[PDB]
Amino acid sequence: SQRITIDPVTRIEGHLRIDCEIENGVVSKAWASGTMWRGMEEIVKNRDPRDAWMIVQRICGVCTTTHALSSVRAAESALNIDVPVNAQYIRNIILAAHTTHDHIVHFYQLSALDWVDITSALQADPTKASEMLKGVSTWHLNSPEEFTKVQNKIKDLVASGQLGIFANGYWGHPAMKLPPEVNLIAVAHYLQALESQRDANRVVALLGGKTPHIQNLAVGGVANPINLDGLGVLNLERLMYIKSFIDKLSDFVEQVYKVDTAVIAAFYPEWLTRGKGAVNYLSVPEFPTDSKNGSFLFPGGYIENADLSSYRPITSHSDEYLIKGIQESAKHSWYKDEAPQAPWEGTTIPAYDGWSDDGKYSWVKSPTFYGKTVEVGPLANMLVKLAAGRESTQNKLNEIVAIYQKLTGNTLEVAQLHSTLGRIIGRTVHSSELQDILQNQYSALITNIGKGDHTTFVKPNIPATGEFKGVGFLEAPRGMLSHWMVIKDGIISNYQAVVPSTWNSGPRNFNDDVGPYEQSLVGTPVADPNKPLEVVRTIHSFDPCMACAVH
């Protein structure tokens, strides 16, 4: 029996502390803590509703774009503005391409070194490694020659004595299970991923004006001026350039990222049977395509008690059932007001008093849906799509399963998706489906401009009296995001963000119920309490972002 702390948790965005009680070699109880606060909700208060998005985008630069888009949607909700369809297409392209970058970086730069041992890679035979992937991937950069160059770079790094970010890593740990050859394959893919994520952000930059932190939005649409015949604006040459980067993403996603996901599951199959965070899941529909902020390409919904068969669909960002369920508590958080609050009536009054196991121990609030804890993010979004009978999602999941089957002789059932590896699989499925979103929305944009519609912006009016409430929903890389704006006498009188990492990472709630990160760790085997790799494996599967969770 003993008490450990993991502080800082690395290979996440932001500042996270995890504490665990370990009994008889397994975690028996856990605490998640966000250790940095800025007060972004207070910073944006009393400003013009049109300004909010440029300020609150700075909640996070990893999930850049997301808070910007959620903020304009919130002001649009309050003001009753219908966004021009060309502005929906542009916003959708940006979100889809951003998310592609975000998920690739998570799987490789943030998560792979939980599962992959770089020292073991030095022992690999590059020819045997290449041979292992025959009939498993058609990727053009799995040759022995590619793998030998990568092995030599690792060799040179180790020989210099300056391991830097690779130093004091969990090399030779008993939970590291890959053969040398598979370790070398993963490091080669890690480096290749950096090129493909750059291509995704070239899409974002051409519409956003730069990334991180896009600058093309507005309450009322976008600032891109569509004119096929115009010099220095969004013309056909610029659109062709965008398309040239969209076309570069699919092969990496399908032939490297999707395959590696199945390979990791095949070598770590006990991770299909642990890391369950919740029994309830929530996602919002995303990528609207009509003239009235609807007709979403991806569905949403609510699953209760893991029952896909009886889920409740959500098809609108104005759904009163969704809106009315959401509250946050600060009983075990460092804020003053503790009872559950609907976010239009939310407060964020700091009340730091240090760490207590049974009192306050985090800057993250505790969100609930009609009083229940809920997991959000790619596992939620996948399970909802399967519940909706979405064929695209079923088919892509089956492709990952088939690779797993071929490697192990075993299959994967939906029950095994409620796990650390299931969560990773949801993220990979999302990434693959986003490539069809990109092709679909580029084609829609080209077709619509061809009909003679170049409209991008509806100038808002904001009444100087009255009190108006708006909420902007968005299915972000890490799950359902919502910004809640109250306008009074022309200015922002309340602003509250409820962010996907808030739902997952938040501490024990008003009824002392346990949220997803803390719940997922119960039962985790920990072979060496001084080097708790197994805990970090499960926490990474949620893709934590603490600037997002706390703001």
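Numbers follow the displayed sequence, beginning with 1.
Looking only at CA atoms, which has the higher mean B factor in the entry: 351-359 or 453-461? That would be 351-359.
Given 63-71 and 506-514, the range whose Cα B-factors average higher in the PDB entry: Between 63-71 and 506-514, it is 506-514.
Tell me, please, which of 447, 130, 439, 224 has the highest C-alpha B factor according to the deposited entry? Max CA B-factor in the entry, restricted to 447, 130, 439, 224: 130.
Quick one: which of 139, 344, 281, 267 has the biggest Cα B-factor according to the entry? Answer for 139, 344, 281, 267: 267, with the highest C-alpha B-factor.
Chain-wide C-alpha B factor ranking for residue 49, given as lowest, middle or highest third: Middle third by C-alpha B-factor.
When the deposited Cα B-factors of this chain's modelled residues are ordered and cut into thirds, is residue 543 in the lowest, the middle or the highest one? For residue 543, whose C-alpha B-factor we compare with every modelled residue in the chain, the answer is the lowest third.
According to the PDB entry, is the CA B factor of residue 288 in the bottom, middle or top third of its chain, that is, lowest, middle or highest? Its C-alpha B-factor belongs to the lowest third of this chain's values.
Using the B-factors in the PDB entry, rank residue 231's C-alpha atom against the chain and give the third, lowest, middle or highest. Middle third.
Pull the Cα B-factor of residue 483 out of the PDB entry and bin it into the chain's lowest, middle or highest third. Its C-alpha B-factor, which the entry lists for residue 483, ranks in the lowest third among residues of this chain.
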